[PDB]
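The residues making up each chain are set out below.
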Amino acid sequence: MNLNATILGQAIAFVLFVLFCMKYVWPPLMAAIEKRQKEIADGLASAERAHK
Amino acid sequence: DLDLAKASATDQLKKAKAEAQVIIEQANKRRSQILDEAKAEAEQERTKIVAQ
């Protein structure tokens, strides 16, 4: 259809949602998920070590 | 499982460490008895030799 200035206004909205997401959203969620994964992995690892 | 293996460990060493000594004690006891017989007989045959 018709190109518009909106292609420029939307580039502001895009970049800003990527920075706030990158900083606040992603790092903590991945931190929590990895914190669960590590605990179960190493707990069972300790379990099989003591068994032997 | 970590709790259980520790308990089994402690108990198994409990059995083995002492039982080694109880069997060694049986050994020493029979040693003492056998030496009693040995000395008694080594004395008793002096009678046969002197009568000869």
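Residues numbered from 1 in each chain as written, not as in the entry; some residues may be left out. Chains lettered and ligands numbered in written order. Part of a larger assembly, values for the part shown. Heavy atoms only, no water. Residues with missing side-chain atoms left out of burial classes, pairs and counts.

Structure determination for this entry is recorded as cryo-EM, at 3.3 Å resolution.

Some thoughts on the overall build of chain A
Threshold: In this description a helix means any DSSP run of H or I spanning at least four residues, a strand means any run of E spanning at least two, and both kinds are numbered starting from the N terminus. This radius of gyration counts C-alpha atoms alone. The globule rule is 2.2 Å times how many residues there are, raised to the power 0.38.
In terms of regular secondary structure, chain A is built from 1 helix and 0 strands. The C-alpha atoms of chain A give a radius of gyration of 22 Å, which is well past the 10 Å a tight globule of 52 residues would have. Taking the principal axes of the C-alpha coordinates as reference, chain A spans close to 70 × 25 × 10 Å.

Structural notes on the overall build of chain B
In plain terms, the rule: We call a residue buried when its accessible area falls under 20% of the maximum for its residue type, exposed when it is over 50%, and partly exposed in between, using a 1.4 Å probe and counting protein chains only. Values of accessible area rely on a 1.4 Å probe in the Shrake-Rupley scheme; residue burial ignores everything except the protein chains shown. By the counting scheme adopted, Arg and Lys are positive, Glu and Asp are negative, and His together with the chain ends is not counted. Taken as the charge centre is NZ of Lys, CZ of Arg, CG of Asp or CD of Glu, depending on the residue.
When helices and strands are counted, chain B shows 1 helix and 0 strands. Computed over the C-alpha atoms, the radius of gyration of chain B is 23 Å, more than 25% above the 10 Å expected from 2.2 N^0.38 for a compact globule of 52 residues. Considering only C-alpha atoms, chain B reaches an extent of 75 × 10 × 5 Å along its principal axes. Taken over 52 residues, chain B has a buried fraction of 0%. Just so you have it, chain B exposes about 5,000 Å², and 58% of that area is on carbon and sulfur atoms. Separation of charge centres in chain B, based on 10 positive and 10 negative side chains, amounts to 4 Å.

Structural notes on the pattern of salt bridges
Residue and element names in this part refer to chain A. Threshold: Salt bridge, as used here, is a side-chain nitrogen of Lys or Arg placed within 4 Å of a carboxyl oxygen of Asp or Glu.
If you walk through the whole model with that rule in mind, you get 1 salt bridge over all chains. Between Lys38 and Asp42 there is a salt bridge, with its nearest N and O atoms 3.2 Å apart. Of this pair, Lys38 and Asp42 both sit in helix α1 (residues 6–51), 4 residues apart, which is roughly one turn of the helix. With relative accessibility at 42%, the residue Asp42 sits in the partly exposed group.

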